[PDB]
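Protein chains in written order, with the entry's author numbering: chain A, 108 to 185, 188 to 213; chain B, 214 to 246; chain C, 1 to 329, 331 to 393, 395 to 413; chain D, 1 to 329, 331 to 393, 395 to 413; chain E, 1 to 329, 331 to 393, 395 to 413; chain F, 1 to 329, 331 to 393, 395 to 413.
Cβ coordinates follow ideal geometry from the N, Cα and C atoms, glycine included.
Structure follows, in structure tokens:
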């Protein structure tokens, strides 16, 4: 469940299952790694207008090519079980417009 | 300022029970002379 | 177990309220102000009858129309062929055939019959009409009348007895008979007939489909020991086949309040939201020593006037034409004997003070002296006199009682 | 055929989201991010068991508590009547009876048992508790202990052996026996019992309903060819009648990150949205020749500090208390030997520069020299020294790497 | 008993209105403006038939096409093999084969047949077409015609009798026969065929699938005592297998109002919301002594003009091209005999007065004198003449009647 | 009868649209742009087959891979044990094993097989793969090859014939045989295998699960009267047990447009909404006598440039790298022979003119002379030369045609 309060413009949310989960903290804007936080085409997504409702409720599926999903994963230095078998992937949150963010 | 327009209507459990004579009316059509 | 519900959303159209037009054969959802939140209706008994609002029941009741005298000594009007009484045939009654009560500068009141009042609530109408004629006679009186129903006619410009016999008519005898009814037909080129009188929308009253006329066949004969005058009282009711088509703007109104604002240049009762008003002071108006009409104790709250028509003279002052208020208020002016003794007066006159786009009102006592002072003040403002020279305007002594509602004015 | 639907609108109440509290026995509508838009759940097999989240299963697992030595050579503590071990009876364990790992300027870590961790997730609790005592002895050792369950007591201020026998107790023999369990009852004035430890909301920890005490009946006896010390390891588990009432704020947290920000005057890590930060230049700050912490390359984007508490000295400077960044940066100053060689340093100190309502931060290298330079700069700003005289503040050479996240500070 | 309803909310999508495209096989919810709030439809009888809107019924009705004379004395055109009449085969009719009524500066009116009008309401079409030929002859006349249906051709560039016999054709005899029909097939490479004429969207009219041609087999022969001219009247109707595919932008319009605004530089009728207009005064325009077009009695309400194209000459004035208004209005000017007598004139000319981004219009009487005065005024404004020198512009005498709607203009 | 409906409102959650992820096994409510407002689907016949979009059908089709020559005269490479051909085993094909078509400053085009293209549309995959080997030989040629499937290997660093025999392999004979298939297994530590190539998200391509290698058992032998070269054409298809897991960002794109904007410092094509553009005039730019790129005829509508990177030289000018426009445009400059003859040129170069926070572009003809003039203009703006001295910039003669879309630029 995602709540976006300072905007009255459309917001998107996309899910990347096969993306390796090698981060333990969310990264924002400029400081995000390039080729990331770029909206993809054929990924599960949901486009929502904040004029109608400013809380997004979605369900992220389990898409791992393995027997289990590993929780309580270490952070910094690998394997092949820590990047594709631990996390459900990454969720990208962006704004439909390129229009500047309000002062507040 | 604020503008409050109150509209109303009758209900189902409402009833006009006893018929009385009609009081003399005024024609709206003669509201200019 | 918190199962997901991925069941497609449904396209829905939001609206503010439920139908304003629907009055029957449907449900009207609402927030009942009760303790029981179910289908709830008032309890009843035989002490409290069902609603008596059947249209056929009401419009069946006889209403009285303008009576007329029937003299037998009149050697001119009491002859074979003379037209005694006539009028157009329609549910509503011709204004001149109804009992009237007029008033100076007010609205004319008409004593309409049940069939007429109801019909004024509906656009079209149809059916037979029942005209009951009551005679104030005794056995000695004797006569015969030929009442006719002429379809397609609305006046007596070409109407005579020898022509009325060529249409639907009846011949009543007045031989020991005091009451009878002539149920006139509904002969029309169409199915329903529009009401003669209606809501202000056009400058023309529609026409009735037919005309009823009463003629003399055998002149009324009385005697020496009997009244030569026999008053006739025509009464109207709707036939069993009478129907009313579509609900429209009432062509009638209540006579509870016959006050009206005609096209007569009434001076607009300020603005809406800027009333009630009271006489107060204003720091930008002669350091709050003079009197103006306020609408709030808070500063910068002076009563503003509405749209004053451009056809009003600039040198003209105003007069209260409705409910007014009392207020206490000026020393003698140089060169004249104009002086106002300190006391309580009723507000009557007033002078408009413009300050940009907003216009205010200055109070003046209802006295022969006050009318002349407001007369001059209205003339001084027309010539753009210095603000300091117009100052010697009533004084501000204390605040005054608030008005019930909006005060009206006139040139 | 486009039939009309005059079916009354239904009063409906709009809400943003579905319940945030509901966790079972209901449906939760949501936008599933899948290709199949129906009721969809992960496929399973015997390789992937059912969820193992039965509360009775988990809290039944034995957890270890703080052990203690049991010496037979102690001529003072090894006597009939001595209190060897005791503690309050409740699901969670007394912090002093748990294995602890403390750290300087960090949080204390407690090795809580299954019954305690779960109980810290619920407000109230009830049921019997199973205390298993494991003894590190051999056949040669011999003794008898009287473990009791005293209801309504929480300390050993008035607790003795000759008083413990007057309550629910058990007498264990240590004669070729290394393990036994004393399932203590649930004797309470009420049905459910509140957790002893809870979410920060008040300044008082609730009390346990009872107290368990282990006494000596027949002093431990060993021999010459056997260890006189017999370590005792108390272990706890929940009884078959143990239950947990209501979900509340966890009285526990993860030890993944034991970093915390106590009431210790940490200097607020800028503001939220004004980080990550980097060392940059500012055209209004000495023509962008000096160094300040920016949060954006766009002009007029200087990192603003949060609410600095009013209990901080005006002449004080700051120090990084968390993750920091490296940056390259000043010539020798007149009268002193203060000079900074051009190179890359780790950010350590800093001085607050106020410009109206917004406060910014000026970087200083983590070096004994830099601490003194920031010391003086903090003092010069306190005396309102001329802006041009405080100028000889590190220089701006180039931009620096961005921080992972918010940088903390301290007086 | 006020039971709680913790029943999950349902995800719903709000929309402003119901479908604008749907016309059948569905329900359209709406707020019926009636007293009865149920499914309500107009009452009917045999006096009021069912809707007569079956497409097969309408397009079956014969429509008349452009006739032509058939002379037997013409020694050149009345020979074996000559082409008497031909046209493309499609539902709509070729504009040159339809009865036309042209008008100067207006729109051309075409008397289209039932099949053509309907087909102009649909994008594609198919089916056989029935061409009925009516002959104005008597028994004496005699001949034979070979009417053919050539698929894949749209002109008579390579069309001859000796080639028309190689396709679907018919040979009609004119021997005591005045009427016959040639039902042409539907031979197409595809199933449906696009309309030849359509809504303005591209600069090209689509092509018909085939071509119908009438040839002479045995030349018409008449006599001395009989008319040598036999007018032929071709009529069209749709076959029993004729169908129309998809609703599109009408390729036709009503001839009720043939007024149009071509690409001809019409001067834009002010702006929308800034009309009706009337001649009034403006306090910022020569102290409200001159005339301008207002749209409101309220101050600062001057009629603004729309987007004037940049291809218009700066020295040009304008002329009313539509409905206009009458207004009363100037003394003799120095050096010239230009003087306007006080009276009522019809508005005809006008000069644009620009004041920043907003453009207004100045009225001029429809008189040979007024055209020259507006001519000069348009030239003076082009040279940036002093505002005080252009003043001797019509005078403001009084307000004038409001226009029905927007007034048009032209260079 | 208008009964009340006090039926409790229902909590409902509003959302803008229906699922964007759901593609099957559900209903998607929408506003159908048709005349029929019911469940409507295109009509079909045998002329129009069902959708041919079965994954097993498509990926079963054989695709061609990079061929290679097999010479029998090579006394070095044609020996027992030599590695002729090898590659990783996965659905997609190794870029170096695919037919390629490279282009300067463009994108490399790969002729991918059906199994590879589809697999690039899904995240994970599994199943056997069918590698068909086609030989261009005749009966005279003879040989034997040992093709193996090595699980857990991705290169030939430690790969030999005498080691390949220790895994799943096959021995094919080339004795009058031109075609055969080696269906390789799916030997994996897991169930599904991630695609080797994917959407730009990380800097690393995943690895294939296995490796296929073709070795020589008995060297190819031909004769004197037969071609010593036998080209081998490897072809790939998916096994009957092949499956694709989850839809993800395509690892492929269409080769319709191979134009791309790499990390190469392209100069940003203005801003979005500020195009198409054309050469026009600006009243604040040398009294609209010089040329600038506009995006609107309305005043104050100059084409603004997007975010120019800070790594660009201040003295640098730009060049069009995409579609451009033609425009007509300067007299000889003092001291130099720089003079532009009046004519129509193609836009090629340009110089950025900054005016506050907004940046615009000044057009320059694609000519050796224009490049030098824009060269100097770019240098003059870098030194803050007087606005009046840089004036002798192309002239404005008339407006020019609008661009199809956004124009690109480069240093």
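Is the Cβ-Cβ distance between residue i and residue j less than 8 Å?
i: residue 330 of chain D; j: residue 70 of chain D; result: Within chain D, residue numbering steps from 329 directly to 331, and residue 330 of chain D belongs to the interval with no atoms modelled.
i: residue 409 of chain E; j: residue 244 of chain E; result: no
i: residue 151 of chain A; j: residue 33 of chain D; result: yes
i: residue 402 of chain C; j: residue 327 of chain C; result: yes
i: residue 58 of chain C; j: residue 232 of chain B; result: yes
i: residue 197 of chain F; j: residue 154 of chain F; result: no
i: residue 16 of chain C; j: residue 123 of chain C; result: no
i: residue 360 of chain F; j: residue 353 of chain F; result: yes
i: residue 258 of chain C; j: residue 106 of chain C; result: yes
i: residue 116 of chain A; j: residue 205 of chain A; result: yes
i: residue 315 of chain F; j: residue 379 of chain F; result: yes
i: residue 186 of chain A; j: residue 118 of chain A; result: For residue 186 of chain A, no position is available: the coordinates of chain A end at 185 and pick up again at 188.
i: residue 111 of chain C; j: residue 237 of chain B; result: yes
Within 10 angstroms of its Cβ, does residue i collect 16 or more other Cβ (buried), or is it exposed?
i: residue 91 of chain C; result: buried
i: residue 279 of chain F; result: buried
i: residue 333 of chain C; result: exposed
i: residue 113 of chain F; result: buried
i: residue 207 of chain C; result: exposed
i: residue 170 of chain A; result: buried
i: residue 137 of chain D; result: buried
i: residue 141 of chain C; result: buried
i: residue 262 of chain C; result: exposed
i: residue 165 of chain F; result: exposed
Tell me, please, which residues DSSP counts as bridged to residue i.
i: residue 122 of chain F; result: F:247
i: residue 191 of chain C; result: None; residue 191 of chain C has no bridge partner.
i: residue 355 of chain C; result: C:360
> When Cβ atoms are compared, which residues of the region 22-42 of chain C fall closer than 9 Å to chain D?
Replying inline: 22, 26, 27, 28, 29, 30, 31
> In the region 55-67 of chain C, which residues sit with their C-beta less than 9 Å from some C-beta in chain B, listed in chain order?
Replying inline: 57, 58, 61, 63
> Whole alpha helix (DSSP H) runs in the region 255-286 of chain C with 4 or more residues, listed along the chain?
Replying inline: none
>> Going residue by residue through the region 137-174 of chain D, where are the continuous beta strand (DSSP E) segments of at least 3 residues, counting only ones entirely within it?
In response: 142-151, 168-173
>> To be precise: take each residue of the region 166-185 of chain A, compare its Cβ to all Cβ atoms of chain D, and keep it if any distance is under 7 Å. Which residues remain?
In response: 166, 167, 168, 169, 174, 175
>> Using a Cβ-Cβ cutoff of 8 Å, what residues of the region 258-287 of chain D are near chain A? List them in chain order.
In response: 276
> If you scan the region 62-109 of chain D from start to end, which runs of the beta strand (DSSP E) of 3 or more residues do you find wholly inside it?
Replying inline: 83-89
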